[PDB]
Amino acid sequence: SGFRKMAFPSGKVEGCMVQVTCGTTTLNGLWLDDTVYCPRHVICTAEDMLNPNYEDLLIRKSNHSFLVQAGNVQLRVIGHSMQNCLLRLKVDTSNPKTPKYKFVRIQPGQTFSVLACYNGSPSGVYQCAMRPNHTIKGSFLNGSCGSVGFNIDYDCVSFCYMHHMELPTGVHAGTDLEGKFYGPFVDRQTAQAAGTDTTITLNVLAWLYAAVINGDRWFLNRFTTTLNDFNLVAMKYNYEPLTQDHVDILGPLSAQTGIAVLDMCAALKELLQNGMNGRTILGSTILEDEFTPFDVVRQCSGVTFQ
């Protein structure tokens, strides 16, 4: 028993982390087969970062100007190009630790694990969510760019995030593994701000289902609501509007517990307007929004990875 936010085991990703250095700029890269992926802003030293013309700035760079380091070993770069906001280095050695993998672009609300790295050295791992405002509330210091987010399915690593920057509010922005940013953000040290964020309603509902699955069910009531009536209430508390698509995603959790989604929405509505009144839910005093419906199934089902 118990219910914890868990990261995926990070071994398969650890085996891919390398160090990429241009001049005095050192950040992390992702080594898969004979390609190293990293943030293109690695090529910038000093204040180049204000308004870089990456395309031209890159044209000057040579292969020997990239110092790629994997453990105690320097990897020989034999090619380089740009793909959107990512640099792609071709090295002369295919990574023997390459796991089965996939590049995916995730949707706002979806969760993933982040392996925080510095100088190519994995340092910590944590679970987080892509916020509705397209940022993540991570924990990153200087030199963490190139750190990746990922999920694991059976034996396949789905890479879904590479870290590029910290916004003025202390939250974080980055790209998919095709180099395309999540959100309207661009990779320059200009002024950019995150939009107002909302609570991930779909995930809260999943978590309430989690609670019920674990015998924590005091908040359930004998009423229901229409979707529209739920949204009218929830949006006042800064919750994402709930859609019929979301309702369908909660199907399996609804079937398992025998609780219709709108009946649960009625529970959630009552919880928002009245608070908990001292009680807790899965040991939390707060309504949790970083577990997806699928996270809940995976955990309550002891899913493992090969």
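In this text, residue numbers run from 1 along the sequence as written. By rigid core we mean the largest C-alpha set that fits within 1.5 Å across both forms.
Participant: Given a rigid core fit, name the stretch, 248-256 or 266-274, whose C-alphas are on average farther from the form shown here in 9 other deposited structures of this protein.
Facilitator: Stretch with the larger root mean square C-alpha distance in 9 other deposited structures of this protein: 248-256.
Participant: I'd like to know which segment deviates more from the shown structure in 9 other deposited structures of this protein: 187-195 or 151-159, using C-alpha RMS over all structures and residues after a core fit.
Facilitator: Stretch with the higher C-alpha RMS distance in 9 other deposited structures of this protein: 187-195.
Participant: Can you tell me which stretch has the higher mean Cα B-factor, 239-247 or 52-60?
Facilitator: Mean CA B-factor is higher for 52-60.
Participant: Per the PDB record, is the mean Cα temperature factor higher over 18-26 or over 288-296?
Facilitator: The entry gives the higher C-alpha B-factor average to 18-26.
Participant: Among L253, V36, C44, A266, which carries the highest Cα B-factor?
Facilitator: Highest CA B-factor of the listed options: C44.
Participant: Which of these has the highest Cα B-factor in the record: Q127, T98, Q189, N133?
Facilitator: The listed residue with the largest C-alpha B-factor is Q189.
Participant: Can you tell me whether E178 has a C-alpha B-factor in the lowest, middle or highest third compared with the other modelled residues of the same chain?
Facilitator: Within its chain, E178 is a middle-third residue by C-alpha B-factor, going by the deposited values.
Participant: Considering every modelled residue of the chain and its Cα B-factor in the PDB entry, is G143 in the lowest, middle or highest third?
Facilitator: Ranked within chain, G143 CA B lands in the middle tercile.
Participant: Sorting the chain's modelled residues by C-alpha B-factor, tell me whether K102 ends up in the lowest, middle or highest third.
Facilitator: For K102, the deposited C-alpha B-factor lands in the middle third.
Participant: Looking at the C-alpha B-factor of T226, is it in the lowest, middle or highest third of its chain?
Facilitator: Its C-alpha B-factor, which the entry lists for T226, ranks in the middle third among residues of this chain.
Participant: Looking at the entry's B-factor column for C-alpha atoms only, identify whether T111 ranks in the lowest, middle or highest third of its chain.
Facilitator: Ranked within chain, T111 CA B lands in the lowest tercile.
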